[PDB]
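What follows is each chain in one-letter form.
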Amino acid sequence: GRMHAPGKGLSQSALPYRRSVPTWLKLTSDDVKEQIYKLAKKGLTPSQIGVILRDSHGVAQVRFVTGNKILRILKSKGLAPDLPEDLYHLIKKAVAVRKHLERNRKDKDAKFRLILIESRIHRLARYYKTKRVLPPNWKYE
Amino acid sequence: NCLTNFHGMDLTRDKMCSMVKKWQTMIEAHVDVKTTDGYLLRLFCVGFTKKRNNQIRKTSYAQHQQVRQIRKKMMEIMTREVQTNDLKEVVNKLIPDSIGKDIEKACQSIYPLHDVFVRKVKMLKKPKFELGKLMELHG
Amino acid sequence: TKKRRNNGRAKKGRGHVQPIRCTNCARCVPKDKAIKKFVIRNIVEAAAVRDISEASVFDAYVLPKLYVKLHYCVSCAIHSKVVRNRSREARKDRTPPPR
Amino acid sequence: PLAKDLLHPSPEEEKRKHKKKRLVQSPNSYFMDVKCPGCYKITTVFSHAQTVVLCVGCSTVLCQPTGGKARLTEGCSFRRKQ
Amino acid sequence: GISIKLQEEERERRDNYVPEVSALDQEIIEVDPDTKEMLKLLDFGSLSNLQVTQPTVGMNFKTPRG
Amino acid sequence: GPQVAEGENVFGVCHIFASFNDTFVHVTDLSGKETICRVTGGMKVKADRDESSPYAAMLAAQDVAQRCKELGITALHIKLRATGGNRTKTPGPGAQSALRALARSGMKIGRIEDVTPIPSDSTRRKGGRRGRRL
Amino acid sequence: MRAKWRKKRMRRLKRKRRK
RNA sequence: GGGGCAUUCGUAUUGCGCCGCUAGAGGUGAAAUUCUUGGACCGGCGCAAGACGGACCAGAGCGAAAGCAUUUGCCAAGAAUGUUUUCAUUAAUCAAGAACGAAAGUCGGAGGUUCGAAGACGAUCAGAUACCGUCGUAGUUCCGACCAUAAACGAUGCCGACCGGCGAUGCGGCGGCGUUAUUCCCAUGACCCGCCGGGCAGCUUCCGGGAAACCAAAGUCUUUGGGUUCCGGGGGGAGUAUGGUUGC
Ligand SMILES: [Zn+2]
C-alpha cells in the first residue's frame, strides 16, 4: 500500500514490450538531446521535461530513443539541479505546511500531516546520503 | 375602511412537508435584495432533484459542486429579477411564482429540478411612510 | 455471543453518529440504531370527515395531512408494540411488513 | 473454470482485463496525428495527454487536459498511427 | 385421490389428443437479427421461411429498484 | 353585531392548542390580536385527569361556538397546535373531538392548517440522558 | 457487587489511606 | 459532514416592553410542591440573549483514530483514478523517543439560553436517602493552560500472495443504441447498458476451517515454517501492597 495512508491504490504507467523506436519517429538521438537541453535551460524538472516531450513532440520514451535517462543526460553535461526533484518537492511542501501552521495554532490535522512529511524527508535524505549524492553533514531546518 | 400593504409571503406547512422525500437532494438558497422604490426583502427559494421517468437507480442525489452551481444560479436569478423592479411588479411576479418556473427552466441543464418554489419572502426594512404611494397601491 | 451481525445498528465504515432523543421517553439514542416511524395521517379520521364536508364553505376542498417523523428507543419501541421479538431465522429477514 | 488456457486467452477478453493484470503488459494509450482546420503542418499528440498543446503553425489550442483522454478542439481531426 | 376409473378414460382421451395441423407450423417465423447471425454461422443462412424484424430501439429491461 | 348581509359569512380564526394535560379552543379575529372567546377543559370538567379528555374538548368547542353565534361570526379558520418545541409534535386527544364539536354547532370550516412550533436544532429536552424511567 | 462500584470503593479507600 | 480562520442565515427555547379576552394554568398512573384578578396560561406585533444546526440524512461519504452536516469566502492538506513522465530499491514491521486523543475532571479569564451532578422541597413507600414531579449550585458554551482514560469495539494488529459465484452502491476512468435540457450540429449535464481499479457493505455457497455461535476469512493447521510488533498461561487475592516516575 501507501507509505503514510491506508489506501492500496494500483495506478501507475504500463510501458509496452516493444523497446524498438517507432518507424514514424523522425527525430534522431542528438535532435532529442538538443530538445532536452533547450527545455532544461527554461528551468524545468526531468518529470515536466519528459511530460512536455511525450505530449508535444511525440517521443514515447527518452531512454529508448537516446539510450540514457533525463537526470543522467543533465548530469553527464552538468545542467542537473543541486537537490534531487523528489526531495526538493517534499521540502517545498513541508515549508508550505509550516507557513500555513505559523498562523493556525488550532489546526491539529496540519501538525499531524507535517510530522508525516518530515518523516518522508528524513527517510529519503538517509537514502541519498547512503548513495553519496548529498554530503554526510546535510541536515533539515 | 382599513388600508393594507405587502409584509411577506409564507408557504403552508402540509405542502412544505409533502415536498421533502427520502431519496433526493434538497437545495435551499436565501438572498437579501433592495427594491428600487426602497423595500429590503429576504427571499428563501427551495428546490428538489427530479426522479427521471426511465431511472432504475433508487436515489437521485446531486454532487456538491452541481448543488453549489444550482444555488449560485437560483441566487443570481432571484437577485436580477427582484433588484430591477418594485413591489407593485415583484408581487405580480410572485402571484404565479414566475421566479420558480424561471429557476426550474434555467437549472435543467446542471441537474433536473422537481419542485422549485419561493419558500419564504420577509420584509426586513421599510421606507418612511407616505399616504400618496399607499393610496396609489389601492388606486 | 454475537446476537446481530450489524450489532443492531447501521454504522459501517464510520466512527461516531450524532445522538437523537426518543419521541416518547426522551432517552438519548444513536440516530442509526433508533426505530424511525414516518407517519402520514389525515388531519381528520374518516369517521369525522363527513361532518367537515357540509360545514366547509369550499366545494371539493382536499383536506390537509400531518407529516411527523417519530424516533423510538428500543425500550419504548418494544413496549409500544410497534416492533416485537422474532425467531433466530426470521430476524435476518429485513423486508418491511406488507399492508 | 478448470480448463482455461491461461497460455492463449481470447483477444477481446485480453483487452477487457486491466492493463497491469494482462498476461503480457501493454498500455491502453496510443500516439495519434492531428490535422488542424486552419493549418497545413501535421502534429503528433499522446491520447491521454496532460498539457494544453499548441500548434506553432497557426498558434491555436489542439487538445484539452481531462481526467482521462485529452478532448480535441472542434474541426481538428485525429487519426490513429500504426 | 379418488380413482373413479370413469373420468380416467376421458382424462386419457384429453392426454391423447393432437390437432390436425401442428402448433409449431407457423406461416412465417418472426426472428430477431442476432438469432439469424447465430443461424447463418451454422450454415442456415439460406432459410427464406424466417423473417428478420428490426431490433428494439430503446435499451431498458430491468425492474426499477427501490 | 357587524352590519353585514345575511348571505355573506363573517370569518374568524380558531386556534386549537391540544396538549396531553389540557385542550385550548380560542377564537379570535382574522389578525389574531383582537380575541373573541377562549374555553379550556379545566372550565368544563372539575377533574385534573379529564382536563384533556375528548368530552371536555367537545364541551369547550360547543360553548365557544354558542358564544360566537351571539357575536355574528359564522365561519372559522382552524389552526391546530401540538406542544411542539423540544416536546411531542402529535396533537393531543381533544383536537378531533373539539373540531367535530365546532363543525356540529353550525359554525362553517375555513382553511385547516397545523401551526405546531417545529424547531430546527433545539436546546436539551426536559428528560435526562437515560430519559424518563416510567 | 458491580465491578465499576468495586473500583469506586477501592479509590475511596486509597484516598483515606494516603491521607 | 476531512482540518483551521473569517462571514452569514434558520426556526425553536427563555426573559422583557406594549395590546385583547379572561379564571384558571403547569405537571402526573393519580396528586401535590409551584405561577395566577398587583392580571397567569392562550393569541398579535417587536426587541435581546446564549445554545443547537431538524426534516433532506441512507447498513451513504471523509478522517490515523477520537471525530466530522446552515450559506459564502480565504489558507494548506489528502485518498482513488488517469499517464508509452521521473528517481531506481529508496521497502515491511517496530524497544527508546514522539504527534493527536470522546465524555467527565482541575486552574485562570468571558458569558450564563436550555438542561442539570450536589442540595431544597412535593409525591409513592412498611422504609426511598432513589425511580415520578417543581426548583436549583458546579457543570454544559467560548479563549488560554493541564489531565491521557471509555464496551476508545469490528470485544478481531499491520504489510504481501492465493482461493467460488451474484446483484447493488460511492469516486474516477473507458466503450456504446436511445430519451431529454443548454434552440439546432457536435460538446457538456441528467438517465440507460456494459467494462476496469480502489473503497462502505450485503446475499448465496458442503472451497475450507471452528467446541460451536458463526467466518469468504476467524480459510490456505499434525499434508504443522511468507515477514514482523504487542501480548495470555485454572479461579480468587488484584490492577491490591510497596518502590519508582508523571501531575496543582
Ligand atoms: Zn424511549
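Residues numbered from 1 in each chain as written, not as in the entry; some residues may be left out. Chains lettered and ligands numbered in written order. Part of a larger assembly, values for the part shown. Heavy atoms only, no water. Residues with missing side-chain atoms left out of burial classes, pairs and counts.

Per the PDB record, the structure was determined using cryo-EM to 3.2 Å resolution.

Describe the overall build of chain E, with residues and values.
Per the secondary structure count, chain E includes two helices and two strands. Here the C-alpha radius of gyration of chain E, 22 Å, is well above what a compact globule of 66 residues would show, namely 11 Å. Judged by the C-alpha coordinates and their principal axes, chain E covers about 55 × 45 × 20 Å. Put simply, chain E has 66 residues, and 6% of those count as buried. If you sum the accessible surface of chain E, you get close to 6,700 Å²; carbon and sulfur atoms cover 55% of it. Side-chain charges of chain E comprise 8 positive and 13 negative groups, with the mean position of each set lying 9 Å from the other. (Helix = DSSP H or I, 4+ residues; strand = E, 2+ residues; numbered from the N terminus. Rg over C-alpha atoms; globule rule 2.2 N^0.38 Å. Buried < 20%, exposed > 50% of the residue type's maximum accessible area, 1.4 Å probe, protein only. Areas by Shrake-Rupley, 256 points an atom, 1.4 Å probe, with all protein chains shown as cover. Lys, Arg positive; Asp, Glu negative; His and termini not counted. Charge placed at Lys NZ, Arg CZ, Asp CG, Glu CD.)

Report on the sheet that holds strand β1 (residues 31–35) of chain D, specifying residues and quantitative values.
All names here are of chain D. Across the sheet, which stays open at both edges, the three strands sit in the order β2-β1-β7 with antiparallel pairing between neighbours. The sheet terminates laterally at β2 (43–46) and β7 (77–80), the two strands that pair on one side only. Across the sheet, the mean angle from the axis of one strand to that of its neighbour is 40°, orientation sign disregarded. One ladder, built from four bridges, connects β1 with β7; its direction is antiparallel. Directly across from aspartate 33, in β7, lies its bridge partner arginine 79. (Pairing = 2+ DSSP bridges. Axes fitted to C-alpha atoms, helices over the stretch in contact; angles between N-to-C directions.)

Give a description of the nonpolar core that names residues and reports values.
Residues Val25(F), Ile78(F) and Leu102(F) are the most contacted members of the largest nonpolar core, which totals 32 residues. Contact partners of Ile78(F), with chain neighbours within four places excluded, come to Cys14(F), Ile16(F), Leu99(F), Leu102(F), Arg111(F), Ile112(F) and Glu113(F). (Core = buried A, V, L, I, M, F, W, Y, C linked by side-chain atoms within 4.5 Å. Contact = heavy atoms within 4.5 Å.)

Break down the environment of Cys14(F) for me, with residues and values.
Residue and element names in this part refer to chain F. As for its placement among the helices and strands, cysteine 14 is situated in strand β1 (residues 11–18). Separated by 64 residues in sequence, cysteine 14 and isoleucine 78 have C-alpha atoms that sit 5.0 Å apart. Excluding anything up to four places from it in sequence, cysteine 14 contacts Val25, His26, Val27, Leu76, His77, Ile78, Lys79 and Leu102.

Account for the sheet that holds strand β3 (residues 40–48) of chain B, naming residues and giving values.
The strand order across the open sheet formed by four strands is β1-β4-β3-β2 (chain B), and the pairing between neighbours is antiparallel. Here the strands that pair on one side only, and so sit at the sheet edges, are β1 (8–9) and β2 (26–34) of chain B.

Which residues make up the pattern of salt bridges, and what values do they have?
Counted by the stated rule, this structure contains 19 salt bridges over all chains. Close ionic contact of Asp93(C) with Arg86(C) constitutes a salt bridge, the shortest N to O distance being 4.0 Å. Owing to a relative accessible area of 39%, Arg86(C) belongs among the partly exposed residues under this scheme. If you follow the salt bridges from partner to partner, you end up with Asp51(C), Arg100(F) and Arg104(F) in one network. (Salt bridge = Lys/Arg side-chain N within 4 Å of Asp/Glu carboxyl O.)

Account for the coordination of the zinc ion, naming residues and giving values.
Residue and element names in this part refer to chain C. The protein atoms that coordinate the zinc ion are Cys22 (SG), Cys73 (SG) and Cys76 (SG), at distances spanning 2.3 Å. Read N to C, the donor residues that coordinate the zinc ion are spaced as C-x50-C-x2-C. Accessibility classification places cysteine 73 together with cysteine 76 in one group, the buried group. (Donors = N, O, S within 2.8 Å, 3.2 Å for Na, K, Ca; no water.)

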